[PDB]
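Down below is the structure, laid out as structure tokens.
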Amino acid sequence: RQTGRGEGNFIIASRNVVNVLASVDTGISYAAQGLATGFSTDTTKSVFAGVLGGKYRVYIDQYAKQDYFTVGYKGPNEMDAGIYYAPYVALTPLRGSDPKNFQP
Amino acid sequence: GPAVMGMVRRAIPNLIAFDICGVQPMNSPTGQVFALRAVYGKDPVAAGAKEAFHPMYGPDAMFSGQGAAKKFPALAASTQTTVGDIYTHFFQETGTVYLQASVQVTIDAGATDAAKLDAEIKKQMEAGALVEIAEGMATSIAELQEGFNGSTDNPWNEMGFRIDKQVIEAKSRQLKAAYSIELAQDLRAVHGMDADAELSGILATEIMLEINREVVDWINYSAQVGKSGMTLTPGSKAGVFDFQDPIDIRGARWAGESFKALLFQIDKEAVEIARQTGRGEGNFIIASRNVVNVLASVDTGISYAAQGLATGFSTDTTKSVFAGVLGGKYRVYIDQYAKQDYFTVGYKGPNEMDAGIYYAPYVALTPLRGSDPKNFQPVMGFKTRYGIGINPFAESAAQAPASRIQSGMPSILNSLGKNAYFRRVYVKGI
Amino acid sequence: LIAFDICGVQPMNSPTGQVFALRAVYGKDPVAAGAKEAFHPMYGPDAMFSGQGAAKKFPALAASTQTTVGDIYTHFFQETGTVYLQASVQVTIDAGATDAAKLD
Amino acid sequence: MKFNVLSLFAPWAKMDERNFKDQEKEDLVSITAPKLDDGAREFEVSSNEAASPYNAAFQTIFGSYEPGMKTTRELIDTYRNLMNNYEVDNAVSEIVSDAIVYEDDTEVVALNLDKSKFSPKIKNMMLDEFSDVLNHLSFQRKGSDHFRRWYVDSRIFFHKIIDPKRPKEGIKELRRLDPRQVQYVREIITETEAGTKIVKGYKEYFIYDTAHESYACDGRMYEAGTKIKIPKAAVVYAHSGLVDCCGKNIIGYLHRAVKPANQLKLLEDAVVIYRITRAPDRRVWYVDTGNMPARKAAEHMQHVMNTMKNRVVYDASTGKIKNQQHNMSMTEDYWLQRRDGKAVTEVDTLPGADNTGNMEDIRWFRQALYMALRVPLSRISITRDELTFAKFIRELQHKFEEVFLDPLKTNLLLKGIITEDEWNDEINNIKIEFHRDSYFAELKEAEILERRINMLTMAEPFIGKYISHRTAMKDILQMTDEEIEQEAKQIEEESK
Amino acid sequence: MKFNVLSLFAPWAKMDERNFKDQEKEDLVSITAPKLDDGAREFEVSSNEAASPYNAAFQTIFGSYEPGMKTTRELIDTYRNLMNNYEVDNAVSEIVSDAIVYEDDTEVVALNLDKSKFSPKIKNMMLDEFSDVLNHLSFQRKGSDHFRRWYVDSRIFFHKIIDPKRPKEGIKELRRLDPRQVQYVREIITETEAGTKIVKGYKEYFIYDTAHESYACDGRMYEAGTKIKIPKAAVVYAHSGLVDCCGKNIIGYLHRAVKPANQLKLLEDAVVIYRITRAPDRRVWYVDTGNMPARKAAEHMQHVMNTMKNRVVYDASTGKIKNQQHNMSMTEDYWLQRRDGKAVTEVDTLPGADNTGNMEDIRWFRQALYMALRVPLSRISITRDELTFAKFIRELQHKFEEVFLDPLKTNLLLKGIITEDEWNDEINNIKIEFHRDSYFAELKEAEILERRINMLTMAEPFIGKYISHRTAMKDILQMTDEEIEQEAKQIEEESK
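Protein chains in written order, with UniProt numbering: chain Z, 366 to 469; chain F, 92 to 521; chain U, 106 to 209; chain B, 1 to 380, 395 to 510; chain L, 1 to 380, 395 to 510.
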């Protein structure tokens with residue numbers, strides 16, 4: 366409603382939130398919980414857990430200070446993101462020495 | 092070019108076109124539609140004339156029958172019945188009813204408005220005091236109809252019909268850009284814009300958006316309010332459906348079972364529409380994005396209970412406005428600009444003249460171009476003309492219009508809150 | 106990390122580059138107080154702008170005013186914006202209302 | 001037909017409507033881009049069209065004309081401007097001449113039904129219909145002109161006619177349409193979840209809308225007038241499959257020559273003025289007349305001007321110098337008086353129309369142009399260019415040919431001789447053949463035979479050792495086995 | 001993960017699902033670099049499933065698609081601008097024509113099958129399907145244009161059709177999608193200790209997109225719009241094996257000619273400009289307007305140019321000079337008044353458009369372009399260069415031809431005629447034969463045959479001493495053992 370470009374398509378949430386998402390069915394069903402077997406919550410291997418309901422990309426905020434989630438929308442156009450990272454200069458190495466004692 | 096970072100602009104919202112209304116392409120302005128109203132009582136056009144057929148009224152069960160010979164006493168406030176006799180009453184809804192008195196009782200002497208009288212009569216009916224009845228005419232009477240054997244005052248009841256009509260007229264709308272040369276030139280040098288074409292787009296777009304928005308508003312304007320009358324739960328809030336109030340959800344808790352309550356009411360409203368129009372169960376709903384989010388997240392089929400993510404119907408208003416088909420039965424559109432939260436339902440047939448609401452384009456999006464020599468700045472713009480209208484009988488309450496002719500265009504008097512084809516529901520508590 | 110999964114990039118070839126934006130505007134003055142953005146996602150279109158809006162004026166509703174049955178008064182909600190309403194009923198609207206929140 | 005618009009063409013409307021519906025019935029679906037290969041301009045409509053009557057069609061045309069066909073009209077005028085020049089028009093003449101051969105006591109382009117058809121009776125009916133198309137067009141006398149126009153403007157169009165009182169036998173003479181007046185379009189009659197890939201019968205209609213109210217050339221007193229929408233079935237047309245980088249703005253082969261055609265024209269004129277200018281003598285007098293108002297100084301200026309002016313011309317009608325009798329002096333004695341104390345008054349001469357060429361660039365450009373006009377380099395035996403042009407021409411003929419195939423199936427189908435389904439299965443091959451220059455054909459064939467004879471002659475001494483005579487006929491004389499037997503049988507008869 | 005596109009793609013998705021399933025069980029793993037030589041662009045993944053409901057896929061697609069197809073567009077639009085030039089067009093025409101030729105009363109490119117089948121019936125089904133594919137492409141009439149686009153635009157692609165309810169009989173003609181509208185991708189669906197080699201099947205799906213919102217040249221109001229993910233199985237495509245120094249930057253054959261074509265035409269214009277500029281005479285009149293206020297000084301200047309200015313023009317429609325009667329003056333006579341005997345004023349002539357060339361660089365560059373375009377030297395028998403060119407042509411054709419194999423195997427699979435393994439076992443060789451110009455083929459065959467005969471003639475004296483007849487036949491006439499026996503038997507019969 367507030368962008369007119371598309372509905373949220375990615376969820377970023379704490380480890381506890383994803384544990385819940387991973388342990389609830391997402392389709393329309395009578396009831397469902399079980400074990401947290403979907404959307405891998407192991408931050409060791411990734412950040413991305415899975416696609417919620419086949420609709421949203423779920424990532425893990427492994428550093429959330431307390432416990433929250435947030436959602437948002439990213440379009441198929443770098444402008445339609447709101448937020449932009451612009452690497453004019455990036456990961457450029459420095460190499461030299463200080464000749465007085467030649468340490469590198 | 093200090094590292095230009097591209098540019099942005101707003102997207103254009105989509106429209107529901109005329110998917111749920113008449114389209115009547117025209118090849119002339121001011122068209123007309125007429126109609127036939129089966130009528131009886133020996134004068135097709137008269138005050139008090141009675142229509143032979145109507146979705147909301149019962150037939151006069153004794154018209155060709157015993158009523159041909161005798162008048163029946165009417166029911167009225169404060170009168171007392173006589174057991175075994177038959178009284179007549181025309182209700183505000185359900186129409187002509189003949190009731191035999193099983194008892195000798197009075198009817199609400201304190202009644203005033205017909206609505207109060209109808210209510211007490213309905214109670215007397217429920218009570219078993221008044222019972223629906225009809226019979227043919229004694230044959231010994233029929234035998235001498237048309238003055239045979241010296242008899243008098245014995246004509247047969249007669250029928251016929253009255254043809255009348257309504258007409259429309261097209262109103263128009265136009266916009267200009269009134270832009271400058273220098274701006275267009277700079278834009279060519281910034282983004283490579285034509286800066287006339289973009290404006291052309293904007294103007295044409297705005298016009299189309301307004302028209303479609305106008306149709307939706309006319310739908311809302313003429314639609315009757317639902318959860319009322321025959322579709323009302325007596326302990327309810329009159330026209331509004333909640334989730335925070337057990338009366339509308341039959342005590343539900345547990346969304347998997349609670350949300351289905353709305354679907355139930357939707358069917359009731361769609362059915363009542365058929366009752367109002369005589370054509371068929373409503374086949375389309377337009378609703379707030381919040382309503383749709385609920386619909387898309389509940390199993391709308393028949394099952395024990397079920398809840399999940401809102402994946403059943405597109406819910407965006409960024410690709411489309413058409414969400415999908417509810418239960419395989421109703422076309423679901425999203426009111427992307429709903430003022431509060433609610434949903435209108437209605438019925439549109441295969442016959443373009445069977446819609447309640449009609450759109451009838453004659454002139455559309457004619458471009459105009461030139462420039463003013465005083466400064467030679469360009470002028471550009473677009474013009475459209477169409478007109479809309481409403482179904483004869485859309486009101487349904489009246490069996491016929493005044494003077495055998497009327498505007499077919501909507502107005503307050505003609506249709507605000509009256510249209511048989513659509514019903515409004517207010518939604519709260521999501 | 107998922108550092109760039111949902112952000113735009115639009116890398117610069119200079120520091121401190123610039124981005125442009127285009128806003129459709131109606132009401133005879135692209136830059137003015139009260140000017141309206143034609144396709145703002147939060148507000149409906151002015152359905153009368155190309156039609157009756159150029160035919161006659163539509164006084165706005167205001168606290169303490171009263172309608173005449175059959176006339177039309179306008180307003181713009183803070184959310185959903187522009188509206189025109191017919192006076193189906195002769196009513197007055199909260200003479201004690203001040204801020205738009207109360208009037209809306 | 002929602003409304004009977006231009007009922008004059010209702011029979012054509014019926015044909016297009018029929019085809020449109022049949023296309024809708026068929027599963028001509030699951031196609032990403034509009035199923036349009038070449039031809040007329042594309043346009044999109046809503047699901048269930050929502051873009052009718054013809055007034056909507058006019059919206060299409062404006063959008064497709066204002067920024068679109070108006071350019072196309074310029075291109076048409078350009079082709080004429082190109083052809084109006086020499087070293088251009090003659091290329092066209094050569095092409096037209098090769099494209100359609102006209103010879104005495106023989107045939108002209110003709111339908112040749114030598115492949116399977118239902119029966120000889122049907123074939124004969126088809127052959128008669130073909131002939132009538134040519135008769136309608138007076139092709140055997142005006143075919144050169146029909147083709148020339150097609151080639152030059154890259155498009156030919158003819159309005160078809162149905163009686164309509166007894167439409168069954170309705171095709172009568174075809175009428176060429178005026179260039180630049182009509183736009184053709186194909187609308188996508190469909191919409192889905194953002195990007196329909198389903199069936200549309202595409203309308204295939206066109207609109208005429210010119211007026212002599214605004215001239216491309218004066219002297220014209222008739223035009224199309226308002227916007228007239230007529231069904232595709234109503235016309236016969238063809239064009240080359242040549243377009244710009246985008247859109248459907250059709251160009252001709254000659255488009256390639258526009259650049260150099262004008263570079264040459266431009267150089268030719270530049271050369272002419274370079275040499276013409278300064279051919280006469282040239283001199284500027286400077287007179288030292290100061291301290292006078294113009295009203296006084298003018299007398300002194302006239303004193304010199306009317307004495308030093310050799311008031312004569314060269315008579316270019318008859319090569320003489322006007323009033324110059326006798327024909328030429330041995331000298332021209334001039335004089336001037338000076339007023340100041342320094343030799344300032346004088347007459348300067350200007351340098352004259354000398355000759356600095358080296359006139360070779362114009363030659364290079366002319367050669368490039370001639371080539372650009374799609375011509376053999378053999379022009380200002396049998397070679398590759400000639401073979402190449404034979405191929406260019408058969409393609410031009412192959413495409414042009416639709417000019418006959420179209421009205422042929424139209425009248426055959428209209429009468430009912432054949433059906434639509436049969437046409438589609440039959441062609442394949444309902445080919446129309448163009449006559450070939452018999453003179454050159456004979457020469458080509460003769461050279462082929464000479465080579466075949468020479469190779470046979472060379473093989474001769476080895477026929478009974480290594481190369482069977484059957485084989486020599488098969489590979490050297492390039493004969494089939496049936497042909498070999500036929501020659502053997504005819505020889506036996508000759509011998510008796 | 002899930003199917004989330006228009007249902008029309010469902011059967012293609014099913015094919016893709018099966019192919020991917022084969023990738024899941026594929027043991028072609030433990031591979032360092034993506035298993036692909038050309039075409040599709042590589043992408044990383046967020047998981048071992050790389051799940052995406054056809055929409056989320058576009059996060060990374062956009063990243064690599066910008067400029068993406070836009071640089072493809074720069075190249076292709078350039079290639080078209082290149083092709084549009086005369087003496088470029090011809091290179092393309094000759095190459096394309098030699099790859100695809102048409103002849104009278106014969107066939108066109110055809111499937112040539114010589115490997116074992118379960119039945120001749122199967123062979124026939126393949127040949128029949130091949131014919132329908134040609135009919136679908138209308139190859140027999142338009143095949144050379146499809147090729148041209150492949151050659152020039154560097155790539156070509158088409159959208160395949162399925163019913164889809166009765167997919168077995170839904171096979172219909174291919175919609176050529178316009179160039180610049182696609183780009184192919186591939187995903188790394190697996191990971192290890194930073195940079196795995198395991199199960200990255202990659203899928204190899206592709207994106208279609210038409211951003212017609214850019215400058216709408218000639219009224220480009222509509223085109224397909226925003227990018228969509230396609231199942232791959234649905235597209236017939238091909239491209240040249242030509243790339244830039246890295247990535248997947250695919251270029252056309254014509255790429256090499258881009259440079260010289262542009263500098264050539266720029267130089268041709270430089271030549272024309274040099275000779276048009278200064279073409280007329282040229283001179284500056286200097287006027288002494290001293291002792292006057294500037295506001296009036298200008299009037300003296302205006303007066304003098306009004307009486308001195310050579311207001312004479314050349315008519316380019318008719319070679320005459322406007323209003324200069326009589327036909328030719330003897331001289332251009334001009335008088336200037338000086339304000340004293342002081343030469344303040346003057347007439348300063350300027351250099352003209354002299355014939356400086358020596359137009360030699362253009363010749364250099366034109367020849368360079370002709371070669372850049374892969375034109376054989378004899379243009380503007396079997397020889398090393400004609401042969402090299404012929405090698406080029408068949409190599410192009412043997413890449414292009416995939417266009418008829420892809421829909422062929424597809425149809426055969428749909429009909430239950432051949433399995434995927436059987437298809438892969440058959441080819442190997444199910445090659446497609448193209449026709450050649452019999453004129454030239456006949457000449458080429460005579461070449462060498464002439465030599466063989468002369469060699470036998472010379473060898474002859476040793477036929478009874480050093481060379482057996484079998485030897486002469488196999489070593490001079492280059493006959494096979496079978497061929498020799500056959501020729502011997504045919505001769506024995508012919509004896510009588």
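All C-beta atoms, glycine included, are put in the ideal place defined by N, C-alpha and C.
Could you tell me which chain U residues have their CB closer than 7 Å to the CB of F/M228, listed as they occur along the chain?
Within chain U, no residue comes near F/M228; the closest Cβ sits about 47 Å away, beyond 7 Å.
Considering only the alpha carbon of each residue, which of L/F62, L/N355, L/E94 and L/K21 lies closest to L/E49?
L/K21
Going by the beta-carbon positions, is the gap between residue 512 of chain B and B/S47 smaller than 8 Å?
In this structure chain B extends from 1 to 510, so residue 512 of chain B is not present and cannot be described.
Quick one, which of B/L350, B/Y286, B/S93 and B/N310 has its alpha-carbon nearest B/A279's?
B/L350
Host beta strand (DSSP E) of F/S263 (start-end)
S263 to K267
Counting C-beta neighbours from all protein chains within 10 Å, is the total for L/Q181 16 or more, i.e. buried, or is it exposed?
buried
Which residues in chain L sit within 7 Å of Z/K420, going by Cβ to Cβ distance?
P53
On the CB-based measure, 16 or more other CB atoms within 10 Å of its CB, does F/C112 come out buried or exposed?
buried
Would you identify the three-state DSSP class for B/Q263, choosing helix, strand or coil?
helix
Note down the Cα distance separating U/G122 from F/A451, rounded to an integer number of angstroms.
51 Å
For the candidate residues L/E506, L/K510, L/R220 and L/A502, whose alpha-carbon lies nearest to that of B/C245?
L/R220
How would you call B/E204, buried or exposed, if buried means at least 16 neighbouring beta carbons within 10 angstroms?
buried
Taking Cβ-Cβ distances below 8 Å as the criterion, which residues of the region 375-394 of chain Z are in contact with chain F?
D390, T391, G392, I393 and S394
Are the CB atoms of B/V88 and B/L373 nearer to each other than 8 Å?
yes
Would you please verify whether the beta carbon of L/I207 is less than 8 Å from any beta carbon of chain Z?
no
Taking the DSSP output, what are the residues bridged to F/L417?
F/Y421
Which residues in chain B sit within 8 Å of F/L456, going by Cβ to Cβ distance?
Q59
Could you pull the start and end residues of the beta strand (DSSP E) that F/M96 belongs to?
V95 to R100
Could you check what DSSP says for Z/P441 in three-state terms: helix, strand or coil?
coil
Note down, in chain order, all residues in the region 278-300 of chain B with a beta-carbon under 7 Å from any beta-carbon belonging to chain L.
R278, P280, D281, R282, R283, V284, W285, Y286, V287, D288, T289, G290 and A297
Taking a contact to mean a Cβ-Cβ separation below 8 Å, would you say L/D315 touches L/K309 in this structure?
no
Return no unless some Cβ of chain F is closer than 8 Å to the Cβ of B/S46.
yes
Chain Z contacts made by the region 222-236 of chain L, where a contact means CB separation under 7 Å
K227
Chain U beta carbons: is any one of them nearer than 8 Å to that of F/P452?
no
Three or more C-beta pairs below 8 Å linking the region 282-299 of chain L and the region 71-88 of chain L:
no
What is the C-beta distance between F/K519 and F/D432, in whole angstroms, given that I count them as a contact (C-beta under 8 Å)?
6 Å
Using the Cα positions of F/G342 and F/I425, report the straight-line distance between them to the nearest angstrom.
28 Å
With DSSP as the reference, label F/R370 as helix, strand or coil.
coil
DSSP state of B/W335 mapped onto helix, strand, coil
coil
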